[PDB]
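Here is the structure we will look at, set down as structure tokens.
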Amino acid sequence: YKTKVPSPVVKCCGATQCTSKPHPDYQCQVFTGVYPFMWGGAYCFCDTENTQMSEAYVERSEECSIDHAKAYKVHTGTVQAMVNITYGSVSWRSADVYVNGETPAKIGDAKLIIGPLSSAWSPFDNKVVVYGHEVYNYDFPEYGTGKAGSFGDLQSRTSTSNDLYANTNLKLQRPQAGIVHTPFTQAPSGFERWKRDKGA
Amino acid sequence: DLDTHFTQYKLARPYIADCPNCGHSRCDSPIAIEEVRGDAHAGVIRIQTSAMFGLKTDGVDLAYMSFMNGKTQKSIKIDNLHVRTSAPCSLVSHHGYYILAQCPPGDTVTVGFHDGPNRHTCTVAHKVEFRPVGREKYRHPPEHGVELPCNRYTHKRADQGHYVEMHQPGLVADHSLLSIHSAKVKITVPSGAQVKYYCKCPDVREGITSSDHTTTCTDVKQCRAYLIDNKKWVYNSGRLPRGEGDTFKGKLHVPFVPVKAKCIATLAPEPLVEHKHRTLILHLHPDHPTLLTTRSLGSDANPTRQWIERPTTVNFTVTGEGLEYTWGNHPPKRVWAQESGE
Amino acid sequence: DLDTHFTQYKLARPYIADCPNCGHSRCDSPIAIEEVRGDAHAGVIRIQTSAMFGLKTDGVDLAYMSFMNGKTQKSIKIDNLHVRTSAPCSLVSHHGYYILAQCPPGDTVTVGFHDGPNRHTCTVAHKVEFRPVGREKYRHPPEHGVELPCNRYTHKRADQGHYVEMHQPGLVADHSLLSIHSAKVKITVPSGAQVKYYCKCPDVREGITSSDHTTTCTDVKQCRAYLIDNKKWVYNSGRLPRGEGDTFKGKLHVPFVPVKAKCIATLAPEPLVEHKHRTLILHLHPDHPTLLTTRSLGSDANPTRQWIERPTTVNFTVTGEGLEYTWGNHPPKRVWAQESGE
Amino acid sequence: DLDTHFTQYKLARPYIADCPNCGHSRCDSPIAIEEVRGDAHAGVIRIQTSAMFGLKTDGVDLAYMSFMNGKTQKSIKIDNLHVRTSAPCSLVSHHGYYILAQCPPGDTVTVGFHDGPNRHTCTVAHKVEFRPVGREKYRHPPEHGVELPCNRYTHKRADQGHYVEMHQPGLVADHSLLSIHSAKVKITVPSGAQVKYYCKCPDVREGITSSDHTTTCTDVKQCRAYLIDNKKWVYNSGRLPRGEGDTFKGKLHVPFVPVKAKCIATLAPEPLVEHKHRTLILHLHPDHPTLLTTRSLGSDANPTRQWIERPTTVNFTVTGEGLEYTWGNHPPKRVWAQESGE
């Protein structure tokens, strides 16, 4: 994730009710009882009616585009090969072929039909996570569900997808002792772990 | 072409926020550190100060230095920047509010320049590490070794891969304004800026004015010293008070995108291969903790994983068809162990 | 009111003692560090230099700087103080011989100002830590969390809660005195101070004088260059030679009393409560090592304790009558677990 | 007598090599660090910069500073040297290419001065530790304790105990030479030095000349900008290109020999001896990890070893004839345990 906090509201004398904006995991909680020191000491002249509305939503990191795990539901598909035959006196063909037992590949001069192989062990499991080059046959929980801290706390369909699922357990707390800031209490990602408490 | 991101430069100002342990304690530093990102691999962190260094107020020289002093900027030279952590970091580049710097690991992050009269630093908590990409768990990038696809931030500015919202500032306090008109509390204005004013007593209730007086109240400590000065937008820090009026425009890029650089990267010393009957003894002796692992290529995989930092003679029951062997990010080996028992 | 502790100021001088690893090795620094106290919680250490910074020699400005150079003081500006440890510390306040500074943990303590021509530092061993008060074992104070009764030293000086004995100095060596009278070794005096003198040979045997000569001996290296200069008392450092005459007066306060401040303090992230049949599964995930503990409220207590830093799903056989649960210094919870097995 | 090692001074130059993580990345610093030696005990490391600080180019003042800027030296003041590691080190002494500095432990080593316009540092990986000699495993030398035979480097220069080969430099690149003669690429010379020249095209093929032109090629990027400038030898760094001609002379000493200094050294707090029947209970409480060990003086030795850092009440079945006891480098004790069971 990146808790890209929108800048909180500070009403000086009285309440500012928050609304549940549609941002992913839009955590927002009104707070009173502040006295926000901002560059001149405090600035709101009340002392309890000083209101502070903190809001924070979850958003894809900039690394999400590039450094990102990637789940998959994996079926069986169809296997391939760049079969060389330095045939007979032909002495050469290096052709890409299939396995399904009626496909020819007339590259060179020979027509060749391969498979289907009997050894249907797809080393990929049904559910797979993928990361850069290291591929993990992991039972990823699902889109839309991943427990915060666990893998897939952020779950975006793709990189472009503005919608997502962010169970991060993002819980705002009130800022301390009349100062402007935004306590965001949050699990570091299940993408942070899964990079150093992962599987092989 | 340092003149291609006047999106930020002209239109954004050096924001000032509340640093958490600003030398003594919580000050309000212009270089207040938000969004520490020790998430790459190359010894690098991308940081945002609330201060917008780069060009000056107007048009010149990335390598100058504009923070906020007063309500005002101070667009001057960068002379003695210091990012640091457990050790002093190395700057990489600055653009906008944002700096990239090569740091070691550190429990915290600790930033600061030197204006010249004062140290005037800012410091923050953030868990930092630098694993290099590879099965070697170094603490630091070497001079040599294989290159392989790390995650890392750029040197450059000509960058659009993302953009963060940067709309207006809210007001700010400035009780330097609220002087006294020899019996009454006297507000003034920066340059005709919009000062939002009233006191606990009943007097002028909005304040959109030049320098006003205050008929009713007298004490400076019961009045609204405010600066609606939204001629330049800001970063939308959590340590910003909202500009209550509107979501003004000011969508503004990020320079330091995470990119797929191939870091100059790790390599673990070669193994000592030793033969036995369908068995690899391997006296082994790394530089750093190295994740070794194998794959007995039977349909029985029987793999193994163990980080090795302490030199260790290990063993591997190799089968008839083969095994493979991965001494860190050194490439994977392979081995025929047919018979040797005659 | 910086003018309420002329007990120390007028009457005490910046003492000079033997620093143990004074940059190179054992020098005699005026800022020789004794009585390091990493015994509080708030990131703070109270230190005593043998140097008495604060007001000048006479009357003004706590933020000036008087150490001993020569037999003499040098009451000038504090410009570039540096306390430090594993990392550079943060000054809190100075008063008298004594400084308070916010430090991180460190195996040692390492102090030093900059006179301007020279670094002129002093360093020492002392085991330092900062546990915050609470069942969370942080390494550093956060910005938020609950407040609770820590132990900590004050900012201030208007302080009498204790006083340490500060009687006279003993003599000190000064062989700059023992010049040569063109064949004889020639002692002088600072200002009419009391110079205690004789040589290995037989000549003047006490020395309570103005500038004397030496009839008998010749070599500077066999004579008593002493300065009984007890116009200003000192701290009773272990690295002081006794003033053999008497226990003179000079009972003198300590500024930095340990007080019952409520530190801005720790807080561990909330737990994930999960129900089972008379059993709390708790997937748990702290920031720092957190001492969890419970009390099965039967007359069978059956408590549990474990510092948790690694996230861990734990379990608790709750009974019929109840259990309580203490996620760090977060307040204690309580739980009814009657049946759930229908 | 700073004038006894003109072996190096007159005849060696401040070499420049390729620093590995020179602030940003691999630069070519004159202070390029080779041969880090964290092999002694006294908190000290002997380092070689490729830069030869010490006297100037000619004859004066060890405490000046000559590195290479350009093809040229810059023999000026040492003003702001910084060796550092995990913490800032303490200089001990420099002589020739070589500096001794008291450092703490550190995963790396990180060196750098300040010319004045620029930081201009150099940094390197090297595993550093400082065990003091003794059964106490401190992290740092104390002020007190027993003295015992450590290994350590000298302060001094009047030193011949070893000498390293220091023959010539090879050539070096300098494309500041290869200017343009308004259509042709134009080489020049430093002072009549020997410039080794040709381009990818066919033109002058050796180059032993004053300022030549280039008839054939035009591009600066396809020519041999070389400086055979072997008027002063160098250190034989691995980051040197060979002077292909010959093994010239220039056998040159090392100052900082490892010597058998008795470090001011460790000592562990005394034990609490407690009697039992042929048994030593010992409540024990060290400062640091202390290797305790014993020798039951029977021909059955039955010794024991255990590093103790955590305070621990231990036990020892003493026999009739005796046992001995070694609380760290505190001297060995001995004990009669005859009967006590009456």
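Chain A is numbered as in Swiss-Prot; the shown residues are, in order, 852-1051.
For this deposited structure, the header notes the method as electron microscopy, 5.9 Å.
Positions of Cβ are set from backbone N, Cα and C atoms, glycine also.
Between A:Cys864 and the candidates A:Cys897, A:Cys915, Swiss-Prot records the disulphide bond with A:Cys897. For the pair formed by A:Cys897 (disulfide bond) and A:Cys863 (disulfide bond), distance between Cα atoms is given as 6 Å, rounded to the nearest Å. In this structure, the CA atom of A:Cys869 (disulfide bond) is 68 Å away from the CA atom of A:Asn935 (N-linked glycosylation site). Each of the disulfide-bonded residues A:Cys863, A:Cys864, A:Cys879 was scored by the number of other CB atoms within 10 Å of its CB, and the largest score is that of A:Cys863. Local packing around the disulfide-bonded residues A:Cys869, A:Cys895, A:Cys897 was summarised as the count of other Cβ atoms within 10 Å of each Cβ; on this measure the leading residue is A:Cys895. Put simply, of the disulfide-bonded residues A:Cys863, A:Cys879, A:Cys895, the one whose Cα is nearest the Cα of A:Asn935 (N-linked glycosylation site) is A:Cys879.
A:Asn935 (N-linked glycosylation site) is surrounded by 11 other CB atoms, counting those within 10 A of its CB over all protein chains shown.
A distance of 21 Å separates the Cα atom of A:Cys879 (disulfide bond) from that of A:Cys895 (disulfide bond). Rounded to a whole value, the Cα-Cα separation of A:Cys864 (disulfide bond) and A:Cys895 (disulfide bond) is 7 Å. With helix defined as DSSP H, G or I and strand as E or B, the region 'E1 fusion peptide loop' (A:885-902) counts 0 helix, 2 strand, 16 coil.
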